[PDB]
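1. coordinates for the following, if possible.
(2 chains, ligands or ions: 3)
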Protein chains: 2
Amino acid sequence: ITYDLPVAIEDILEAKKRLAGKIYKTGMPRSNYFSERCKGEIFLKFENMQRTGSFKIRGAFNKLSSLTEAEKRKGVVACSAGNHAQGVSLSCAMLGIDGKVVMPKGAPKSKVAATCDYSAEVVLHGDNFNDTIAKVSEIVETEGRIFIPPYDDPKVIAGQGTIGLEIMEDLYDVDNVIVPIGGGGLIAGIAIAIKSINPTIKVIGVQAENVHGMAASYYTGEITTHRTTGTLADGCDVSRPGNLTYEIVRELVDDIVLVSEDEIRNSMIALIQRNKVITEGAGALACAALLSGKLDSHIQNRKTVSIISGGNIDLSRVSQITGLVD
Amino acid sequence: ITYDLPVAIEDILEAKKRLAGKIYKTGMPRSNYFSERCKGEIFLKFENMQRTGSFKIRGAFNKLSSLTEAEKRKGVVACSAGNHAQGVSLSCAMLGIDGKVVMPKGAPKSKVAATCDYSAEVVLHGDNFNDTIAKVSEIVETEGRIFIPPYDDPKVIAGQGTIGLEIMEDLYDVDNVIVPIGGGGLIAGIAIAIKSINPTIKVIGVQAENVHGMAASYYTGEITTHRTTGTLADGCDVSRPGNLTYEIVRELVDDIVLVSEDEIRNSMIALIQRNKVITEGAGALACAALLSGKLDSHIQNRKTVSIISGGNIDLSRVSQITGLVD
Ligand SMILES: Nc1ccn([C@@H]2O[C@H](COP(=O)(O)O)[C@@H](O)[C@H]2O)c(=O)n1
Ligand SMILES: Nc1ccn([C@@H]2O[C@H](COP(=O)(O)O)[C@@H](O)[C@H]2O)c(=O)n1
Ligand code: NA
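-> Numbering: from 1, shown residues only, chains lettered A, B, ... in the order given. Ligands and ions are numbered 1, 2, ... in the order given. Dropping the coordinates below:
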């Protein structure tokens, strides 16, 4: 019962070797509140407490560590306004690699500062996706640096999948894993890890109502773009999924639900008040799906893990969300 | 993909509750020697280091603990020349239950003494299977005591299955579990635990060439007796499998191989010299199958757990086996 996929269980196992004693397993405690609400056992995987505040250090470290020395000498380049920038920057520091990160003008101040702190050279260029991405292109041509994709890359995908191995390690009798989706690298990685070892474990995706390239592609049967507008779950603001990640998702993901901006906010408020954890919109998507009622036939009297993918949210936004008549 | 079986995953979960803080998980370390020989990862589950020296305390404790107080007041009775006697006796002590164990005249001295030590009343009766079993019958009629089957009982089976849950707990990515068979309670319990959670995990049985009721039944497609003669694996000297255990095995067990007396001896010698553990014939069956070469297409480049079911062997027999030109 195999699959001819661009990533495989062996790739994840290599990633585990490369990350050992460098990147560490995150806590995954039971949530009493979500368990009570959902009438089933609910566990929170704290990738918000992973280094840099999201899981993205995993994929970036794997891809950078897997490079040959000749390749590491070339230097690397990446492009992000967010968590990928931080992961690539920190990974560069840990491995002693020279790295540039192209961030768009208009990228959030906190995230520019953080990726600076992590040691990589930050290049603020472009008020436009084409202008920003064209700088990365210009950098590849003239400098020969190696591009590090945020999700559409076999090594990046395989690094995110280490999360799936940790889940079955901490909870052998898990039934469902609920995973947020932007480009699809996170869920692709996890699906491969989970389905390769125990295919009876359900892997279910979650995206914002406002923007869900992958959901649209998943339900249409081919890659389509979808974006009606922006979202609180800014980490998963992706109109078009990656090629490798779509192939894997169509093959291995059980379902993908959609949640509204209000449900995401409610999920963040609930995580703060009832579980004492800070979450960005993307990090709360899975928990929003659990409260939506849409996963009810999967989660009642079962054990379900919700992925808290990230906690990189400006304090001003924390202030606003907690300050609402709520 | 369900099964209409006399035991189910919930029964094992109840057994886990009943055993918690009473019966404890056994170590399951890697064997370097067996891994080298088999060209795959091999792990030894040390049920020889379970209380009483075999796993049988698990099934007996579960069945006895599950009784109502009215039922516990009736007293219990069992029949064995070996490890079942010890498990029932110790379980009685732990639960404060009054128990009789009918052992055949001719039962090994060490095993009579041990079940005495464990507090139950020992009744030595019968030079004959019919004479011995008829005493248990006489005891049931006249005293109203509750009989405790060695394997053909849903609560007994479910207690042995706790071993399967421990395996996936200690090794989530296990591929094969190799289990000795007498009456079939051990393997039945494990199969249900393993297959209910992860059916991609292979469960494979092992019996002596000299006597293999279950193997014969498994390959014939109905219950048949088989016994050509006695065996070193005295714990698995059973001509006819139980009814409940056969139904489960036919349904859930991947294969059953047979090993010779020489292979069993070789396996015991190997466990002593290379892994420093004491094993009875039954406890070494699974390891004998691993060295036989018969499981080669399952174990190379995989992770396999061998069940060391028991260590209750007379020192005189240890002296003889280690004293051979070997
Ligand atoms: N200069 C920095 C560096 C890190 N951080 C944030 O602090 C959190 C913890 O970072 P470390 O894991 O690197 O300690 C992360 O969410 C990260 O984004 C920050 O807000 N400003
Ligand atoms: N009187 C006794 C009591 C126990 N034993 C054995 O000692 C080993 C350890 O027993 P305990 O787990 O009860 O300490 C077991 O194999 C058991 O059969 C014995 O040989 N003689
Ligand atoms: Na575990």
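2. what's in contact with the helix or strand harbouring residue A:204?
-> Secondary structure from DSSP states H and E places residue A:204 in strand A:202-208. The contact list for strand A:202-208 (Cβ atoms under 8 Å, 6 or more residues apart in numbering or on different chains) reads A:175-181, A:187, A:190-191, A:194-195, A:214-215, A:218, A:231-233, A:236-237, A:249, A:252-261, A:264, A:281, A:285-286, A:288-289, A:295, A:298. Every residue, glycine included, has its C-beta placed from N, CA and C.
3. restricted to strands, list those.
-> Within the contacts of strand A:202-208, residues falling in strands by DSSP state E are A:176, A:177, A:178, A:179, A:180, A:255, A:256, A:257, A:258, A:259.
4. ok, back up a step: just the C-alphas of the strand holding residue A:204, formatted as PDB.
-> The C-alpha trace of strand A:202-208 is given here as PDB (Å, rounded to 0.1, in the frame of the first residue of the first chain):
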ATOM      1  CA  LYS A 202      -6.900  10.700  10.800                       C
ATOM      2  CA  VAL A 203      -5.100  13.800   9.600                       C
ATOM      3  CA  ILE A 204      -7.500  16.700   9.000                       C
ATOM      4  CA  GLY A 205      -6.600  20.200   7.700                       C
ATOM      5  CA  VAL A 206      -8.000  23.700   8.700                       C
ATOM      6  CA  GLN A 207      -7.900  27.000   6.800                       C
ATOM      7  CA  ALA A 208      -9.500  30.400   7.100                       C
END
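5. just the angle between that strand and strand A:255-259, please?
-> 30 degrees (axes from the mean of the first three to the mean of the last three Cα atoms, to 10 degrees).
6. strand A:202-208 vs strand A:176-180, what angle?
-> Strand A:202-208 runs at 30 degrees relative to strand A:176-180, counting by the same axes, to 10 degrees.
7. tell me the buried residues in strand A:202-208?
-> Under the neighbour-count criterion of 16 or more other Cβ atoms under 10 Å in any protein chain shown, strand A:202-208 has A:202, A:203, A:204, A:205, A:206, A:207, A:208 buried.
8. now tabulate those in TSV and tack on distance to residue B:309.
-> TSV is the format used below for the buried residues of strand A:202-208 (distance: Cβ to Cβ, whole Å):
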residue	distance to residue B:309
A:202	35
A:203	36
A:204	40
A:205	44
A:206	45
A:207	50
A:208	54
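9. between those, which is closest to residue A:19?
-> Comparing those against residue A:19 with Cβ to Cβ places residue A:203 closest, at 20.9 Å.
10. and the contacts of strand A:202-208, which are buried?
-> A:175-181, A:187, A:190-191, A:194-195, A:214-215, A:218, A:231-233, A:236-237, A:249, A:252-253, A:255-259, A:261, A:264, A:281, A:285-286, A:288-289, A:295, A:298.
11. hang on, isn't residue A:35 packed against residue A:42?
-> Yes - assessed by Cβ atoms under 8 Å, residue A:35 is found in contact with residue A:42 at 4.6 Å.
12. comparing those two, which residue is more hemmed in?
-> For residue A:35 versus residue A:42, neighbours defined as other Cβ atoms under 10 Å in any protein chain shown are more numerous around residue A:42 (26 against 17).
13. and the residue of the stretch 201-326 of chain A nearest ligand 1?
-> Relative to ligand 1, the nearest point of the stretch 201-326 of chain A is residue A:312 (4.9 Å; Cβ to the nearest ligand atom).
14. do I have it right that that residue meets residue A:53?
-> Yes - if you go by Cβ under 8 Å, residue A:312 and residue A:53 touch, sitting 4.3 Å apart.
15. tell me the residues that contact both of these two, please.
-> What both residue A:312 and residue A:53 touch, as defined by Cβ under 8 Å, 6+ apart, is the set A:83, A:86.
16. tell me what whichever strand or helix holds residue A:85 is packed against?
-> Per DSSP H and E: residue A:85 is located in helix A:83-95. Helices and strands touching helix A:83-95, by 3 or more Cβ pairs under 8 Å, 6 or more residues apart in numbering or on different chains; DSSP states H and E, are helix A:57-66, strand A:76-79, strand A:99-103, helix A:109-117.
17. check which residues of the helix or strand residue A:15 falls within are buried.
-> Using DSSP H and E, residue A:15 maps to helix A:9-19. Buried residues in helix A:9-19, counted by 16+ other Cβ under 10 Å: A:9, A:11, A:12, A:13, A:14, A:15, A:16, A:18, A:19.
18. chain B contacts on chain A?
-> A:165, A:168, A:169, A:172, A:173, A:197, A:198, A:199, A:200 (Cβ under 8 Å from any Cβ of the partner chain).
19. for the third one, give me its contacts.
-> Shown here is residue A:169, whose contacts under the criterion Cβ under 8 Å, 6+ apart are A:25, B:172.
20. from ligand 1, how far out is it?
-> Plainly put, residue A:169 is 22 Å away from ligand 1 if you go by Cβ to the nearest ligand atom, to the nearest Å.
21. burial measure for the residue in chain A that ligand 1 sits nearest to, as a count.
-> Checking chain A residue by residue against ligand 1 with Cβ to the nearest ligand atom singles out residue A:53 as nearest, at 2.3 Å. Using other Cβ under 10 Å, residue A:53 has 23 neighbouring residues.
22. is it true that it touches residue A:83?
-> Yes - with contact defined as Cβ under 8 Å, residue A:53 reaches residue A:83; the gap is 7.0 Å.
23. much appreciated, bye for now.
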